[PDB]
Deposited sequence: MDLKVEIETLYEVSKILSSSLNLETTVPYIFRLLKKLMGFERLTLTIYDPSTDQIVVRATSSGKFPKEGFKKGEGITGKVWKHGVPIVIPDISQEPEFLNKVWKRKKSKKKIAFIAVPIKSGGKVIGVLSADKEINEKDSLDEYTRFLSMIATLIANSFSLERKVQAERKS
């Protein structure tokens, strides 16, 4: 039921904080990829990432967050789940750790305000990732 309780978190983070395209991926043993579990919209395409595949897969492989300040300017950015098109949008992907291992990945887009910092957003999302790993137990 992460399909019902995480989009409550996502809805709120969209309304209060200007996050967009929030994506939760969880590890699938069968396909050995972290697979889309819930997103911030009305439809979850069940796309997956192998270790090291795109930004999302690298966060999974190396267990460390990655900030893309402008998605237009990083070709390692696959655009696999949301197939976006056309301003200066940032991307942040944090690891979800449980059992002291990386069980999957949370991410979000953000149009960056001059007065905000992506380090602060990243740390926040790592805090939300914590709250989600708790469900996972």
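No C-alpha positions are given for the deposited-sequence stretches 1-21, 108-109, 161-171.
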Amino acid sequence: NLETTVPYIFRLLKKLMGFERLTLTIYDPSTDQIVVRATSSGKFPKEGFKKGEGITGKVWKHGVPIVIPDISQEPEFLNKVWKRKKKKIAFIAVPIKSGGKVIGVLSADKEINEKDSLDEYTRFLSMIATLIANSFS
From here on, numbers count along this sequence of modelled residues.
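94-102 and 24-32 differ in mean CA B-factor, and the higher of the two is recorded for 94-102. When the two stretches 35-43 and 105-113 are set side by side, the higher mean Cα temperature factor goes to 105-113. In the deposited entry, the Cα temperature factor of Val81 sits in the middle third of values across the chain's modelled residues.
The PDB entry assigns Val64 a C-alpha temperature factor belonging to the lowest third of its chain's modelled residues.
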